[PDB]
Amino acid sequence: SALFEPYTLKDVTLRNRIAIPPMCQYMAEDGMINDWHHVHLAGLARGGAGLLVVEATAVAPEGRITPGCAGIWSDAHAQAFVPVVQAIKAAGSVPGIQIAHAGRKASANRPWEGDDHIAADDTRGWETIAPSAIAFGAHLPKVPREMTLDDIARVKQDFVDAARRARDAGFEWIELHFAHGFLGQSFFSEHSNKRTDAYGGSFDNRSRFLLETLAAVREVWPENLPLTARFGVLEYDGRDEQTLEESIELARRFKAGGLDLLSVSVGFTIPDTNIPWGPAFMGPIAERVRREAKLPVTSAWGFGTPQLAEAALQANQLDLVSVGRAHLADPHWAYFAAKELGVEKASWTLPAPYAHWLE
């Protein structure tokens, strides 16, 4: 089966094509991960997936989505990841991490605690920053502060420091979070970026924050380890063909700037959209980016059944299949998929103390 073929990117080999995408846990304290994350991540790694990407980890305190988000904005924060990285490797999965800045969608409640911007008088909240002083709207009504050129320089440096810390903590795969309406996505989108300096206006100017951040990260991130990004390639906002064309152009620039693989997502930059959720709905979009930018891709948002995952790979829509919620339901989903696809010795997707008994 295609799903259980190994994949090599730079010097890293994944044992199969199942990727666990970044999934926020909302269980950190002042950015510091703890035994929630250790057991969560080590358990997933033992479940058989080839790649495990740690949840959006903030490059700066104000770039957390919520008061429970993980951070890597100091050396102490980075050191907290070391035992988890070591546990993921011990299980034979490749440890990755998504580094992030939530921009105007920061300073929000946990999703089971309102999912909305934190109240003005709640001591947990903070001022958000963004390319322009324009609120997302709906449940995220707070108007962000318009970034200065010095803010831009500082956030880029925070991404560099974060990548350096990730490298030194032992991660073998990094993902820049330029999607889901967060800081990077919001610099790219005309909906959120109304700047009239070098970082707004034209396609080149809107792309600038993202391309400079990639180039700056590339300086510290090892050339033999995959350098990836997540990017929302359309919004379902009635501007899809022109947005996809620009997104594909940006993907070509990413590739030329050393990007090894693109995680293709939706923008979520604004609330007034009509996203056609359904099984594997991103497949054709991912395929188009893969073909037109000539870049490996992954995607998510409905590939979490074994036959869907297998079909997407065989059709060359995707190079890796990201499976998120099914792994929350069953951390051993890779074993389930191996069984479902009729893979030989499917139980040995799991480590011996499980596999021997399940044969």
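Residues carry their position along the shown sequence, with the first being 1.
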94-102 versus 241-249: which one carries the higher mean Cα B factor per the record?
241-249
On average, which has the higher Cα B-factor in the deposited entry, 20-28 or 332-340?
332-340
From the entry's CA B-factor values, the highest among 255, 167, 177, 142 is 142
Choose from 63, 50, 304, 68 the residue with the greatest Cα B-factor as stated in the PDB record.
304
Among the chain's modelled residues, which third holds the C-alpha B-factor of residue 230?
lowest
CA B-factor ranking of residue 317, expressed as a third of its chain:
highest
Tertile call for residue 193 (CA temperature factor, within chain, third-based) is the middle
Could you tell me which third, lowest, middle or highest, the C-alpha B-factor of residue 38 occupies within its chain?
lowest
According to the PDB entry, is the CA B factor of residue 183 in the bottom, middle or top third of its chain, that is, lowest, middle or highest?
lowest
